[PDB]
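These protein sequences, in sequence, are chains A and D.
Here the deposited numbering is used: position 216 in the first sequence is 217, and no number is missing along the way.
Here the deposited numbering is used: position 1 in the second sequence is 1, and no number is missing along the way.
Beta carbons are placed, not taken as given, at the ideal position from N, Cα and C, and that holds for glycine.
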Amino acid sequence: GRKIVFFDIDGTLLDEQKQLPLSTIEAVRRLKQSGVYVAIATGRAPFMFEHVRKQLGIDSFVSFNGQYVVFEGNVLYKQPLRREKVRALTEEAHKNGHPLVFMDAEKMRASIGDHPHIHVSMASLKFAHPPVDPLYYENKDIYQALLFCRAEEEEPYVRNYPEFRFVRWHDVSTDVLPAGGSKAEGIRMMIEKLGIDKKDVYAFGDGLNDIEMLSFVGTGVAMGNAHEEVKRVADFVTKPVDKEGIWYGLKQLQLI
Amino acid sequence: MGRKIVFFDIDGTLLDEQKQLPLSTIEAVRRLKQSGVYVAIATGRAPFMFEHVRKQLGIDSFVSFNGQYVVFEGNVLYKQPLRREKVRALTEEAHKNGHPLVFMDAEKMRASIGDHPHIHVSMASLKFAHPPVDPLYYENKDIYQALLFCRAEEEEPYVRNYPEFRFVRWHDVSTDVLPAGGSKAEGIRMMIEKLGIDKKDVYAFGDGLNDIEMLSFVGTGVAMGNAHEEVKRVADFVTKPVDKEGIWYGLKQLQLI
């Protein structure tokens, strides 16, 4: 049976400077000549890690935490937020003067231009203010949204949108995610198409968000400085991304 | 009267020593665009080698492939493919010596030989995996630049037998193949010719020796605080280092902001 390895980006493929380690390129190389399938599973939107994909030559991935899965350049599965609900959120956010940013598989758009909260938070990500397009969600598959408001203001949103999940990543911005879906469900879908079995699947992750994944695959690998709760569910704890963790880990697991 | 445009090299100019994008550079670019000033990147890289940076700064105008592929606001403005005829000869002759090549266009990259050790090494340094293999990619696709893998001791012949190309070394086992006459300053020349922008309204920020021609050519060349002195020599103004709000400060001084 063929083996496949899923990698997440942050703290896994990319180090803390957002750079790709030389040893990782080697790891992926050896991994490919050994016949081991290589893919990515992340919460990130496709257009947010296109550079990593281009660098490693990976065209199969689970993105948007499983809400958008691509197999060898083609869309295998896609579950965007319900149009109705995105609209309601937009209108409600508008009423409160809170801006939103809509994310589809290719780009993102703001409901309000030149807004202070978007500038600051997006800049913390090293991104410019997204182009403005208040009705972008109308004829597009919106997989995620960013609600720009303070924690002391989210209450109503959380309350009125139980079908959504909110995960704050900045003082003035929080991710608006779909309640259903997961990377494991995304991985499950791909191995089925690939004819692979859970036991033959490996996964490297670094954040709280990778637990579900590391738990579902046959061999979950946690990075050296990953959160304690990430290591707990891991079948193996490797060195940090900073210290050839991906390479060392793959070696110990005898994949390369 | 007319429009102004500012060109930026990538490493050392937009990105600091750690490949990090300064917060004030994001503000800088924002302010320039707001004022109607065109912002573009000028580099020897392939479009796909700096798309992330472009998306980060919302820059969709640029001079890539050392002038052979120029885009303005998302649309190709000028493009000069390598002469297919000569690309074929170079490939065959080089193949005879066991030297592989890599063919590059705006979307992707292809290698003439698979699992070759010089490709792995020189390319890993660019943080890229070995390109997929396709010995005849240039035959049906426009190539804007190529890579020849051989050491400096072996280039003489190629240099000599192919005066229609320019071999510029950047690694121990790999050198760039551009068309003779091509350079990013040259690409900057038609970008502004086509846009109808007077040289006196063209600005550029550079840091390395490959930025010298560009810097001396434009109306106002700006060298970064820690730039090589030969770069500062041709600069009309030297700004602070990249990690000291160099770009923001410079643009402020030049009163573009």
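Contact between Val76 (chain D) and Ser61 (chain D) is ruled out by a C-beta separation of about 11 Å, above the 8 Å threshold.
Within the region 56-70 of chain D, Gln56, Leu57 and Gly58 place their CB atoms closer than 8 Å to a CB of chain A, listed in sequence order. Of the residues D:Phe149, D:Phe7, D:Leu23 and D:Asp16, the one whose Cα lies closest to the Cα of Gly67 (chain D) is D:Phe7. The contact set of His116 (chain A) on chain D, defined by CB atoms closer than 9 Å, is empty, because the minimum CB distance reaches about 12 Å.
Non-local C-beta neighbours of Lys184 (chain D) in its own chain, meaning closer than 7 Å and more than five positions away in sequence, comprise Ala42, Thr43, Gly44, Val63, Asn66, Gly67 and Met214, ordered along the chain. Within the model, the alpha-carbon separation for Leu254 (chain D) versus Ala235 (chain A) is close to 55 Å. Annotation: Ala180 (chain D) has no Cβ neighbours in chain A at a cutoff of 8 Å; minimum Cβ distance is about 29 Å.
With fewer than 16 other CB atoms across the displayed protein chains lying within 10 angstroms of its CB, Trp170 (chain D) is exposed. Rounded to the nearest whole angstrom, the C-alpha separation of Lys4 (chain A) and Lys200 (chain A) is 9 Å. Residue contact with chain D for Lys252 (chain A): absent (no Cβ-Cβ distance below 8 Å to any residue of chain D). Straight-line spacing of the CA atoms in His130 (chain A) and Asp198 (chain A) works out to 43 Å.
For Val29 (chain A), at least one C-beta of chain D is nearer than 8 Å to its own C-beta. Taking 8 Å as the threshold, the shortest C-beta distance from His52 (chain A) to chain D falls below it. When the Cα atoms are used, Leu23 (chain D) and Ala124 (chain A) turn out to be separated by approximately 6 Å.
Look at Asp201 (chain A) here: in three-state DSSP terms it is helix.
DSSP, reduced to helix, strand and coil, places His118 (chain D) within a helical segment of the structure shown. Exposure of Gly74 (chain D) is indicated by the presence of fewer than 16 other C-beta atoms within 10 angstroms of its C-beta. The beta carbon of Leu21 (chain D) falls within 8 Å of a beta carbon belonging to chain A, placing the residue at that interface.
The beta-carbon of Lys141 (chain D) is placed no less than 8 Å from the nearest beta-carbon of chain A. Interface with chain A (8 Å Cβ-Cβ cutoff): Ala40 (chain D) is excluded. Distance from the CA atom of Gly250 (chain A) to the CA atom of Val238 (chain A), rounded to whole angstroms, is 8 Å. Between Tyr203 (chain D) and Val231 (chain D), the beta carbon gap of about 15 Å keeps them out of contact (Cβ cut-off 8 Å). Two segments are said to touch when three or more pairs of C-beta atoms, one from each, lie closer than 8 Å; by this definition the region 133-144 of chain D does not touch the region 153-165 of chain D.
About 7 Å separates the beta carbons of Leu21 (chain A) and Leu14 (chain A), which is inside the 8 Å limit, making them a contact pair. The beta carbon of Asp142 (chain A) is closer than 6 Å to those of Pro81 and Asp105 in its chain, skipping five residues each way along the sequence. When only Cα atoms are considered, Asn97 (chain D) and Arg30 (chain D) end up about 50 Å apart. Contact between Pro163 (chain D) and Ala180 (chain D) holds, since their C-beta atoms are separated by about 6 Å, short of 8 Å. Taken through DSSP and simplified to helix, strand or coil, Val87 (chain A) comes out as helix.
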